[PDB]
Amino acid sequence: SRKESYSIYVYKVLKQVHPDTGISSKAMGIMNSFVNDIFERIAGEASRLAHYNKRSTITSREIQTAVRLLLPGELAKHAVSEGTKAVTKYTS
DNA sequence: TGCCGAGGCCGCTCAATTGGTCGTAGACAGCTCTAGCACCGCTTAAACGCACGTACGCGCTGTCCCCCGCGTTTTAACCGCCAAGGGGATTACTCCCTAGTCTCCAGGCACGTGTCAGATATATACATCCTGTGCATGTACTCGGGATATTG
């Protein structure tokens with residue numbers, strides 16, 4: 001049966017930024033772990049945020065707050081400026 | 001005087017880094033998967049978000065009124081130092097034992113499916129438990145006066 005991983009999107013993104021470069025298989029497992037750790041931290045914090053405010057859904061703002069808590073510094077104001085591109089394009 | 005003695009500049013030789021070149025071996029990138037099952041598109045009947053006075057709760061506000069802050073300097077030893085001594089942390093070697101490799105070999109069990117049940121969800125009726133409110137005392141508190149402990 002199928003096992004499923006993020007392994008292709010990290011490779012796709014590598015060819016976005018370093019078109020000559022590659023990854024060893026052992027160094028893929030790192031990205032395939034890291035990328036789902038940050039998934040869980042955002043899901044867990046966004047879940048608590050909905051609960052504290054006694055909502056049921058989790059709209060964009062329930063995540064933009066979870067990113068603006070969880071990320072340390074310039075990464076917060078960058079990631080917030082990056083995600084507000086994506087939904088602004090999607091809703092056209 | 002003397003002598004020379006003590007004195008100050010320049011090619012071998014060895015010993016790490018540094019960068020170069022050789023060749024070869026899995027492991028990476030990529031193809032074709034093919035394959036399939038998830039994403040999507042397409043409806044539906046759907047829940048839950050949300051833009052919006054008003055009762056009004058409390059966040060913030062204008063006063064006076066005092067300790068703890070604020071300021072000084074003596075001193076007090078705290079903290080720093082240097083120098084010496086002893087060993088115990090260190091170095092370099094030789095013998096030694098096993099860590100590690102590979103290879104064979106089995107069955108333990110983790111893996112997987114095959115069925116379908118006792119499980120828990122959902123509704124309606126409902127009674128009851130639990131909250132919010134209102135309400136006496138009982139204590140834990142702040143003070144004053146004296147006894148015991150301890151610092152210098």
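Values in this text are rule-based calculations from the coordinates and carry no lab data. No Cβ is skipped: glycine too gets one built from the backbone with ideal geometry, and neighbour counts run over all protein chains shown.
The set of residues in the stretch A:3-37 that are touching a residue at least 24 places away in the same chain (Cβ under 8 Å) and near DNA strand B (Cβ under 10 Å from one of its atoms) contains only A:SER7. Assigned to a helix (DSSP H, G or I) and more than 23 Å from A:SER81 (Cβ to Cβ), is that true of A:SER56? Here the answer is no, as A:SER56 does not meet what is asked.
Considering only the stretch A:40-50, I want to know if a residue exists there that is within 16 Å of DNA strand B (Cβ to nearest atom) and either polar (S, T, N, Q) or outside any helix (DSSP H, G or I) (or both). Yes, the stretch A:40-50 contains at least one residue that is within 16 Å of DNA strand B (Cβ to nearest atom) and either polar (S, T, N, Q) or outside any helix (DSSP H, G or I) (or both).
Out of all the residues in the stretch A:62-81, which are assigned to a helix (DSSP H, G or I), within 15 Å of the chain's Cα centre (by Cα) and loosely packed, with under 11 Cβ neighbours inside 10 Å? Listed by number, the list holds a single entry, A:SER81.
The single condition from (1) exposed (fewer than 10 other Cβ atoms within 10 Å of the Cβ); (2) among the hydroxyl-bearing types (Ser, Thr, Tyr); (3) closer than 18 Å to A:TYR9 by Cβ that A:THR57 fails is (3).
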